[PDB]
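Quick setup: one chain, the form deposited in one PDB entry, written in structure tokens, and binding and motion questions come after.
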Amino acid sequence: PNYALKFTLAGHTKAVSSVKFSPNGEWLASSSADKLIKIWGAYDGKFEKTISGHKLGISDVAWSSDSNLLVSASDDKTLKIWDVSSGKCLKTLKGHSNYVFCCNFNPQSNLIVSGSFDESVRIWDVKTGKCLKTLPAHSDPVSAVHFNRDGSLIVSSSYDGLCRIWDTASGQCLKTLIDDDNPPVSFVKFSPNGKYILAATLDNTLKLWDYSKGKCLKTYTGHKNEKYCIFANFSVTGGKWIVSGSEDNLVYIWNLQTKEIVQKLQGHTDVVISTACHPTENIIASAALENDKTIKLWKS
């Protein structure tokens, strides 16, 4: 690929924590330690609006499949469901006993899954805002949570070194994945086709697992990741790549099949904590920490 810097989005007053493109490709949502969520035009990077309400820093924000809602996870121990068009906070999800770190809607956007420093994973009803189930999932902070293609499964990752797959309906632990070493698992998500799980560990490594067989199929290395929970993505609009931020302030792009690094994006002045891939165009959004505070849009 040939990703080139097109726009730089300035606005957050503290480290950016996550960036996500809306499923309809129109917008980019960002969360920050500054307690705010900001919306930007996906193609022109034009600032759209700011959504406020959280009392402390935000670690994650995610879109509902129809692009109408957002859910955010904050250190104020709550998650908030927002109506993007009006900016309204529809519900504040209370239940976690410690910082909420990660969140996602299921495919039908009728449920939300969250991970917390309280070591649990919670499943919430979107319409009522009530917690339906609490899973005693891990023995250390939960770094990521994601639903599979049909929402029947949830994958979670934790500093305890484990990746676990849960049955959404029963809450039973169906599988625990871990390799020959036990470094903290800082991020995890299912692949677009739902067959695999991409997991990041704080030993500078990304791995693609066939969770059904419980085997590691690919390993991606070359970047730096030993301290922060950096997101990773499957880029599918053009070539099939793996994308991730790095602690050396660069965005890394690997060939998913060959595992070779195909490009490194330079420009940020601090750790690239989050990256997102546009659903239809070859566009990548990247966000950096405290010494940088900006979001960058790259196009190939």
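Don't overthink the numbering: it's just position in the shown sequence, from 1.
There is another form of this protein, the form deposited with a small molecule bound, and it is not shown here; the text below is about that form.
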The listed residue (65, 269, 257, 50) that reaches within 4.5 Å of the small molecule in the entry with it bound by any heavy atom is 257
Selected contact from 77, 218, 133, 91, since only one has a non-hydrogen atom within 4.5 angstroms of the small molecule in the entry with it bound = 218
Residue 196 within 4.5 Å of the small molecule in the entry with it bound, heavy atoms = yes
Exercise: residue 252 in contact with the small molecule in the entry with it bound, heavy atom 4.5 Å | no
Heavy atom of residue 244 within 4.5 Å of the small molecule in the entry with it bound = no
State yes or no: in the entry with it bound, is some non-hydrogen atom of residue 234 no more than 4.5 angstroms from a non-hydrogen atom of the small molecule?
-> yes
Partner-proximal stretch of 186-194, 124-132, 80-88, 106-114 relative to the small molecule in the entry with it bound, 4.5 angstroms, heavy atom = 186-194
